[PDB]
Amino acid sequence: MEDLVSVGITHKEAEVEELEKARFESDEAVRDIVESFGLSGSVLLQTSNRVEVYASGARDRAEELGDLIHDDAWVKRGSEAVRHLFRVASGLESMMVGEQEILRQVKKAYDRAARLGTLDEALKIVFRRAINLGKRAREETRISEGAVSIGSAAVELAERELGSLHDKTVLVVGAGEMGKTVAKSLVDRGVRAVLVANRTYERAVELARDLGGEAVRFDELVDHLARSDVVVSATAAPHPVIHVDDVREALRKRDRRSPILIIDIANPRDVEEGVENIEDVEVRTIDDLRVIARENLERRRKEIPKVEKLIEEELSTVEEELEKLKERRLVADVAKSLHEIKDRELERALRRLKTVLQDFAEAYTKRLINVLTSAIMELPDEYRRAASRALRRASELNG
């Protein structure tokens, strides 16, 4: 544990511009860092909301590591560093608490390191456990349940108002960005068709392409309504585009009764007052979506302590993992140190008090190795390494 440090700056303590600066431009930054600091390993985790460097073997240069991130970068050591990673992977350090994306981003960080050669066994253990933990926390708790963005909220609302969306048609009117976000969420959920209309046909062709939908004429809005079940209206011009008369006409046009959900994303409003009172029509706003997202976010936050309990349990596990690792690495070294004295010394008894018992010293050597590894175990790691260094320096020279 103690041989790991974490350095970084995040949205928890810095603004969107202090984060940008700190961001590393080069896809190979994790590799450069390893060389420029003689690290055993490193993983670089960077998103719009954090820049964090995990390093193995940094360790008298932790504050320095902090420096090529930012003058207010924090520095975490050992258990705290791993705990922060576990909190990041589990979604606890994200604005959208529990979000799936940050887990994907931790995995990408791990892969980029794997492929650039900046992983060591220790970071493999930590990251592997971090990744499996993020998955478990999201399965065993409710930390990632419930819509916490406008897009996902629109899907919850549509599902509640209309049922299964798979066979529904979405009409998108206008090009406002929040409208594009809502439409993409509906599309990702699964709908049958998307119709796109805009007062400038070319804006429509563009968005339909994005969405995988069909650009339609703005002047045929009545027929569009007649065939649609969810309407996403986000026009830029300040005039309403969905009128009572058009909606009534669209509904009389269709032989089959079914509910229509109209989501008014524009301000001023795209939907004429009174549309909401037409029978089979439901009207909701961008504000209604923000309310849904907020209620769900507030609920996800109440799962944080259950996730934190999972984390402390997992910390104890990885701690023992890392110890077994060091035990394994401690014996192999010591043994190479003691076998080299054994070999050197083997020749010499050969030249005798003249004028295979191979043997006693392979046994005595095994005994010595076990004795020494424990002793280096046995009082710590701040050291362990140098004493492991000392035994090893002394063996090559004095041996």
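So that there is no doubt, residue numbering starts at 1 and follows the sequence shown.
Student: Which wins on mean Cα temperature factor, 344-352 or 45-53?
Tutor: The recorded data point to 344-352.
Student: Comparing 25-33 with 58-66, which stretch shows the greater average C-alpha B-factor in the deposited entry?
Tutor: Between 58-66 and 25-33, it is 58-66 that shows the higher mean C-alpha B-factor.
Student: Name the third of the chain's ranked CA B-factors that contains residue 151, choosing lowest, middle or highest.
Tutor: Lowest third of the chain for residue 151's C-alpha B-factor.
Student: Quick check on the deposited entry: does the C-alpha B-factor of residue 117 sit in the lowest, middle or highest third of its chain?
Tutor: Highest third.
Student: C-alpha B factor of residue 295, ranked within the chain: lowest, middle or highest third?
Tutor: Its C-alpha B-factor belongs to the lowest third of this chain's values.
Student: What third of its chain, lowest, middle or highest, does the C-alpha temperature factor of residue 78 fall into?
Tutor: Residue 78: CA B-factor falls in the middle third of its chain.
Student: Rank-wise, by C-alpha B-factor, drop residue 368 into the lowest, middle or highest third of its chain.
Tutor: According to the entry, residue 368 has a C-alpha B-factor in the chain's lowest third.
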